Structures are given as C-alpha cells and as structure tokens.
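Asks: Here is the sequence, then the experimental structure:
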Amino acid sequence: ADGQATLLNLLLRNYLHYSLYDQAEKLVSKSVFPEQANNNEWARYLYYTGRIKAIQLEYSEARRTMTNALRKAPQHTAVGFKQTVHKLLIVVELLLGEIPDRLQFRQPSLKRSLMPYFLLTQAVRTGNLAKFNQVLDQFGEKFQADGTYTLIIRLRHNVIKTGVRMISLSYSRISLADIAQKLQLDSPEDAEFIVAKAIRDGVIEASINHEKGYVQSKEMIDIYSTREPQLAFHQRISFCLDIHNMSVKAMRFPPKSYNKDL
Amino acid sequence: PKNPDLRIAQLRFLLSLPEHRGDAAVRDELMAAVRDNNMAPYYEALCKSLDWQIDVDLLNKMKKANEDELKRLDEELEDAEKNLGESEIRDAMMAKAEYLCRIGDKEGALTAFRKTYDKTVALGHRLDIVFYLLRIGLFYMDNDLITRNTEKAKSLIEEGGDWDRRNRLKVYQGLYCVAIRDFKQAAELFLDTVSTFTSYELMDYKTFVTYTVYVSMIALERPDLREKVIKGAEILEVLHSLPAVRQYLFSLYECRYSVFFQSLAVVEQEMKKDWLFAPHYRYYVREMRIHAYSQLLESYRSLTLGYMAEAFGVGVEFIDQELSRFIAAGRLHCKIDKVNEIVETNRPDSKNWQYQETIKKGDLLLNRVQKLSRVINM
Amino acid sequence: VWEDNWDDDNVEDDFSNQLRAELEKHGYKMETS
Amino acid sequence: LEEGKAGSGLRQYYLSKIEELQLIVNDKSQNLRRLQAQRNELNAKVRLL
Amino acid sequence: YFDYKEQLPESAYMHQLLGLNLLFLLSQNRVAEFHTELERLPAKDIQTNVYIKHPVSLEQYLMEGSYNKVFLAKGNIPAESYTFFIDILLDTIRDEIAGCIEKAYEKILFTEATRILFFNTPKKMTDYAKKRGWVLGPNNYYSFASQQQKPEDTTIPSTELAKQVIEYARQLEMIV
Amino acid sequence: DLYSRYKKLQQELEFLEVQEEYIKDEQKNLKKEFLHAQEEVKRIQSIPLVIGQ
C-alpha cells in the first residue's frame, strides 16, 4: 500500500497539529506494515510517528529509532530538514540527564537554529533552579512560544529529577550542608526519602546515621573486588559460558548446513 | 608558501579576535603587505581591517603588478614550451604556481600543481610538490586535502629518508598531529629533533620547541620524560633560551604547585591567541590538571586537607568541587572519603581490575559474535 | 577523533556560562582564600 | 463432507511438516555421514600409513 | 467512553469519573498503569481547571516524595467535594510513606519522627508496635537484623559449580 | 495411496530416526579408534635413531 501510505502521511500530518486523541490511530492505525521505505518515508514517517509518540516521553524506543531516522535520508538534503528532528531529538535527549551536543555534524544551520536553546540545553546538566528559572523566561521566545509550553513546563519540574539523577551517577551518600545546600534543597526528609528510593533499587547501597544532628555515612562503595567474588561474578561465568556455548552451537551447526548438500 | 607571508598572513587569527593585540599585527601586516604580493589575502580579510581610505591607494598598483608578473611568467612559459626539456617547463610552471601561491589563489595553483604534478619525472619531486601543497594547506587549514597527497605519496619511496626532507615530513606530522588530539602516536614524532634546523619556511626552531614542549610536557609521563627528554641533551641545550621552560619542567617534575599555579597564568595566556594551538587550549588545561592530580594522588593513598591546601595553595571549597567533578566525570580513582575531612582512597585497580581489563573486549566481542550469529543464514 | 569531543564539549561547554578560564583568578584567590 | 479436503488437508500439511523434521534428520544424517566419511578417510589414511 | 464512533459528546463529568479512576489506580498501588496511561489522557480539553492537572501534579509530587507540599497544599483544593476522598488517598498512602520513612536501616531518632509522622495522637506508635513488632528503647527506635546475615560456607556454591561442570561436559560434549 | 502415505511413511520415520544413535555410536567410536591408531603410529617414533643428511 504505497499510495495508501502516502495518503496516511498527509492524513497523519493533518492529525499532527491538534488531534491529541489516541483511541483510533494508536493501536488501530498499526497495520501489517508491508515493505514501504521509499528511502524517505522512514525519515518523514518515523519523524511523524515519533512526534506523535513524543507526548508520553519515550526514552528507549524513540531515542534509537528517531536517531537512526535522523541518520537516514542522506540523498537530497540532510541539513535543512534534519534541524527540526535534531531539535526535538536533543529536547527529548536532555530529559534523561545525558544530552549529547552537536559533535559529528558541521553545518551553519543547526548552529544558528540551536543558539537560543544552547545555553539552556547546557544549563540542564548543572541544574540551577532559581537562576535558570529566570534565564529561561528572560529571553525565551521561540522554544517556549512553540505552543502550550507542555514539555518545558514539565522540564521546569524535571530539572530536579535530572539533577538527582546526576547525583545517582555522582556520589551516593548525601550530606546535610555541602551537597544539600549545593543542590538548593535543605530538607532532611525528601533527601533521605529519595536516597532510600535509590537504595531499594538494588544498583547501589547507602546508609543513614544521626549522632549530633548531621547525617553521617561510612560511604564504603568499594567494588566487589576481594569481597565475595564467587557470588559476585558466578552468574557472569555461567551466563557468559551459556552465551559463548550457544555460540559454539552457532559455529557447529553452520558447518552441518554446509556439508548437508555434499 | 615558504615566504614569511605565511607567518605574517598567519597572524590574522590574533589580528581578528582580540582587539588589544590588533595593532602590531596590522602594523607588520600593512607594512609587509607590499611584499610577496599580499593583495588578495588582506583584501579578502579586509573586513577585519581599517577603512577604505588608504586601502584603494595601493590596489591599483598591485593589480597591475600582478598582471605584469603574471604575463611575464606566461611569456616565459610559452618560451619554455615546444622545446626539448623537462626541468625547464617544470621550473616555469612551478614558478608560476609559486607566484599563484604568493597571491593566494588555489585555482590556478591547483591546476598548475596538477600539471606539474603530472609532469613529475621522479617521486622526490612529486613529494616536493606535495610539500608545496602542505605549506599552503597550513594556511587554508584543510583536513583531507593535506592527507590525500601525503597518504598517496607516503608509500613507495625506495630512496631512503633524507636529512631534512623526511624530517620535514616528520615536522608536518607534528603539525597535523598537534592539530588533532592524537598524542600517543605523536609523542614519537619529535624524537628526530637533533637533525632539525632553523627552517624559515614553516616554523622556526624556537617555535617548534615551544610548540612541542606542550605535547611532550603533558602527553608524556615521568618515565617517558626521564627516558626521552631528560636523558637527551636537546632540552638540556635549548633550556637556556627561555628560563621559564626550565621552571615549568623542574616545577612539574619536582611536584611544586606553589610556583606552578602562580606561573601557570603565563601558560594560560600564551596557550591561546595562536593559529593552530588556540582551539585546543581547553584539552591541555584539563588533561594537565588531571595528570598532575593522578601524579600526586598516585603515590599518595590518603591525603588530609591541610597538606593538600598548603601544597596547592588554594582554598578547600574549590578542590572539593574539583575532585567532585573529576571522580565522576574524570574517572581517575575510586570513591573518595570525607568522614574526617581527609581525602582517603583505596584504588583496587590492580589485583582484580588488572584481570577485569578484558571484560570490555568480552562484552563488545560478545555483541560482535552475536552479529556473527546474525550473519548466519542471512 | 569525535570520541574525545564528548568530554571536551562537556567541560568546555559546561564552563561556557561562568568560570570559563579560572586560571587567571587563582592569583587573586591565593591571598583571599 | 468437507473433511478430506479440510481435516485431512491440515493433517496432510502437518504431515508435510513432519516431512520437514524428517528432512532435518535426513540432511543431518547426510552431513553427519559425510563428515563420518571424512574421519573414516583420515583414520583409514593413517591405517594405510 | 472507549468507542469507535466519536460522535458521542464529551460529558462534563467525564474528567471527574476518570479522575476517580486515577484515584483508584493510584490507591491500589497500580501506578504503573498510570505511567502507561499518561499517553491517552493529554487531550487538552480544558487545561485551565485545577482538577485536570491535579492528578498529574499530585502523582509527580508522590514521585518526588515531598510530603510537606501536599499537607501545606491541602487548603488549595477548591470547594469541590472530593477533599474527603483526597484524605482517603492520604489514608491509603500513609502506610507506604510512613513505611518507607521508618525502614530503620541503622537507627533514627524520635526528634525527626515528630516532624515526619502525624500528630501526637498515639495511633502510629500503637498500631506500628503490633504491626512491625520492634523494640522500644529510651525514647529511641532501635533497628535489628540489619546486615547481620552470615555469608555462605562455600559448600553449596561448590556443589552447584560441580553441577555446572557436569553441564559443561554435557553441552560441550553432547554430539561428540 | 493418498491416505496410505502417512502410515506407510511412518516406516521411513522409524527407519530414518533409528539412525540417530547409530551415527552417534560411529562418531563417538571412530574418533576413539582415531586416537588409538594415532598414538600407535605416534609411538613408533623413538628417541634412539641415526642422523643422516
């Protein structure tokens, strides 16, 4: 259905500006999806379904498939049209705390298009509430005048989540004055609460202490080296030998598929 | 080209961005503009220059002198043509290409160096043409055009490395290897500095040492310096030119930060405002700070804030965020200790991690053999 | 090499707002801090 | 009726899938017996030695 | 509500009944269905009433963990008659918030529990004494059975390693 | 003929399936004989010997 798919591109584009209903095209528009590439329909169509799937803050799927869609369609133009999918790309990339800037692309279009969003898209990493809250609305015209300010009004409350995620990738234990005052949040309640929510995840460990009022911590985050190694990488040995073992099957069966005819 | 117009026209970087030093650069640029047919370079870069009052005065003379020398080189080229000879036509077209490099036009010099590039009787003359494209490629700061002729003309030498020809190509390797951030392979290039000499074509000897002292001082560790430069008499002879380099070498090797931080402002100011060395000034600073922190922190397991604050001569509030950003971002050592306001690390990176250095190649190799499974039947 | 541009762009761009160089300020921060 | 063409049709298709499993056993016997002839040819070669 | 024909006009109480549905899902610890349900609700029907953005802001405050904003924001709800239902929500999440804040990893002092916990009414100190079943010291809460588990004797993992070796001879040598 | 191909084919199913453990026996035994004869022809090479040119 090539022509029907091209009609679906203009119908979905007509549903792009203001439809916001997901009862039919979501879970009903999904079809068998035959071979419909056109060498451009992946870029524009994947950009369309990614713009539709950009309201629920997709972190895993739309990232890889929309970045790949940005890597697609190099025939005619990859600069004048990819600036918007790159704009929304970095906009949805800075939500995860790690925002990759323009590194491998050198063109004088994404630079000028990204100049107003540059200072803030770098300001997300540090995560300053009071200053950057005024910096955004200070000169903010286009990125906040894009419409309904939904993702940016959610970003204003996502600064603390990207900041506490930067703390998750940073040191684990939390202090009462140094890092609590550094993060502009002096409250021992939600500090120990969120840190406890990071302890129950299982990826890290921490502790709490109260002697004279300050929160102490042994901050022993030493790796499993010389600390129960057999139980540490036992499942690593079993799993690696299972994958490499089925890889041995994957190097024993193709020889059978070779000698099968002779 | 090989004339001083490469350096005089190369000072346009410090002539353009900073407004304080834009007086001497326009002084010797305007004064030296009557040399080497500097009309087209400063006319193209006229936006970063003065008004058009005195500009249109000499243009009428340079535009007719360019046509006079051009038609004289055309007459000499026509006189050398239709005659039995190889070096005469190569010297005529080669000289015309040299003048077209003096004016700064790579179109007629592109087709000229293409014709004389096809008339190369030997491979050495061809490599000389390659160098003639590199001397202007430094000014044009192109990336692939300077690596194509050297990648193709690099192999099939069969005549051995000369004293300043192969060493000159090694100097070019220092140029494009200092431009790029590749250091582990560029630390071996400047080993042949004994055979180097004062070459006014591209870079002076003092400028070559001044440029290699950064990649050698930062891109090398203590054993590499003690083996390469400290054991060698090169820096021992050339240290008497500038007494500052001896301070930045004996201070870094001696681990004295009290004079290193007080005198580091000269390295910060001198590091920028350069043609090819300015855009990379941020990598040498961070790399040198993390290199010094790994140097002092290597032989020191636990470190109190007193000996550290008195040793570095800076407040604790700054090194706190320094180590805070360089433990996660830099990834130099393990978790830091702050229970008694004393930096105390463990660094178990030898016993178990020495065997765990292959787990990265095991996971990437695991995905690669999964791709090998993807190649099966398809 | 574009691999190093992630860290160089991380610290370089991170310091683009304030305290870009900071090396010239240590000479004034020695006596005050 | 509509059984020999539908019931015996899907049963005959399942019998074709059984013929596919017997094709996996078949060509496994083929390549296993050719490799068996290779090892038998090498051991017979050192027997000739 | 979920129909193919879009000709059905949207009722004024549709967002209210869906608000009670989100209240039930968040009350029954089904916040995952809320996370996967946040896709269909942003239809931008009103977007100016506090009740439209109330469930997402209260759930986002629940993810942030700031409980003082909810208590101080209790008087911000309008005369809408679901304030008692919000109190029921606090009654069904007080066990999760109070249960997570009183995990007692190493030790916690009562001077903080006076602020985090509810008023001086002895409901938590009575119900939690028969629910958690811990010891009551001199105006302090002690924590036992914390990181006290003894490591293995390396006997069972050696047996399962032997069985794994048997499986290695099996799978590595099965066709032979 | 049409319906008899199933039950008649079952004889080929058993005749071809019975060869599995057989080819297992051959591939597990002929390599044991391969190392037997391999070590028998390998042990012929003795240390005491004469050196020629």
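Replies: Ah, there it is. Numbering: from 1, shown residues only, chains lettered A, B, ... in the order given.

Asks: Report the contact partners of the residue in chain B that chain F sits nearest to.
Replies: Relative to chain F, the nearest point of chain B is residue B:376 (22.8 Å; Cβ to the nearest Cβ). From N, CA and C alone the C-beta is placed, and that goes for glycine too. Contact partners of residue B:376, counting by Cβ atoms under 8 Å, 6 or more residues apart in numbering or on different chains, are A:250, A:254.

Asks: what about it, distance to residue B:241?
Replies: Distance, residue B:376 to residue B:241, using Cβ to Cβ, to the nearest Å: 65 Å.

Asks: The residue sitting nearest the centre point of chain E - nearest residue in space that isn't next to it in sequence?
Replies: Taking Cα atoms, centre = their mean, the centroid of chain E lies closest to residue E:96, which sits 5.5 Å from it. With sequence-adjacent residues excluded and distances taken as Cβ to Cβ, 6 or more residues apart in numbering or on different chains, residue E:96 is closest to residue E:29, at 7.7 Å.

Asks: for that neighbour, helix, strand, or coil?
Replies: When classified by DSSP: H, G, I helix; E, B strand; the rest coil, residue E:29 comes out as coil.

Asks: Ramachandran angles for the residue of chain B closest to chain F?
Replies: Main-chain torsions, residue B:376, degrees, to the nearest 10: phi -60, psi 130.

Asks: Look at the closest residue to residue B:149 other than its chain neighbours and say how many residues are nearby.
Replies: Of all residues not flanking residue B:149 in the chain, residue B:130 sits nearest, at 4.4 Å (Cβ to Cβ, 6+ apart). For residue B:130, the count of nearby residues is 22 (other Cβ atoms under 10 Å in any protein chain shown).

Asks: now swap in residue C:26 and tell me
Replies: Residue C:26: 20 neighbours (other Cβ under 10 Å).

Asks: in the helix or strand it falls within, what counts as buried?
Replies: Using DSSP states H and E, the element containing residue C:26 is helix C:23-32. Buried residues in helix C:23-32, counted by 16 or more other Cβ atoms under 10 Å in any protein chain shown: C:23, C:26.

Asks: Run the contact check for that helix versus chain B.
Replies: Yes: using Cβ under 8 Å from any Cβ of the partner chain, helix C:23-32 reaches chain B at C:23-24, C:26-27, C:29-30.

Asks: Tell me the one of the residues you listed nearest chain E?
Replies: Using Cβ to the nearest Cβ, residue C:29 is the member of these that lies nearest chain E, at 37.0 Å.

Asks: and that closest one, what is it in contact with?
Replies: Contacts of residue C:29 by Cβ under 8 Å, 6+ apart are B:314-315, B:318.

Asks: how about residue B:51, what does it touch?
Replies: Applying Cβ under 8 Å, 6+ apart, no residues qualify as near residue B:51.

Asks: A helix includes residue A:56, no?
Replies: No: using three-state DSSP, the assignment for residue A:56 is coil, not a helix.

Asks: quick one: it from residue A:16, how far?
Replies: On the measure of Cβ to Cβ, residue A:56 and residue A:16 end up 16 Å apart.

Asks: more neighbours, the two?
Replies: residue A:56 (16 against 11).

Asks: just checking, which of the contacts of residue C:29 belong to helices?
Replies: The helices, defined by DSSP state H, take in residue B:318 from those.

Asks: Could you give me the PyMOL syntax to select whichever of the contacts of residue C:29 are buried?
Replies: Burial among the contacts of residue C:29 is assessed by 16+ other Cβ under 10 Å; the matching PyMOL selection reads:
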select buried, chain B and resi 314+318
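
Asks: Which of the contacts of residue C:29 sits closest to residue B:359?
Replies: Among the contacts of residue C:29, residue B:318 lies closest to residue B:359 (Cβ to Cβ), at 35.7 Å.

Asks: give the contact list for the closest one.
Replies: Residue B:318 sits next to C:29, C:33 when contact means Cβ under 8 Å, 6+ apart.

Asks: give me the element residue 16 is part of.
Replies: Chain wasn't specified; assuming chain A. Here residue A:16 is assigned to no helix or strand, by DSSP H and E.

Asks: please go with chain F instead
Replies: helix F:4-17.

Asks: quick one: that helix near chain D?
Replies: Yes: using Cβ under 8 Å from any Cβ, helix F:4-17 reaches chain D at F:5-6, F:9, F:12-13, F:16-17.

Asks: Tabulate these (CSV), appending distance to residue A:258 and neighbour count.
Replies: Shown next, in CSV, are the residues of helix F:4-17 next to chain D (distance: Cβ to Cβ, whole Å; neighbours: other Cβ atoms under 10 Å in any protein chain shown):
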residue, distance to residue A:258, neighbour count
F:5, 31, 12
F:6, 33, 15
F:9, 28, 13
F:12, 25, 12
F:13, 26, 15
F:16, 21, 15
F:17, 24, 13
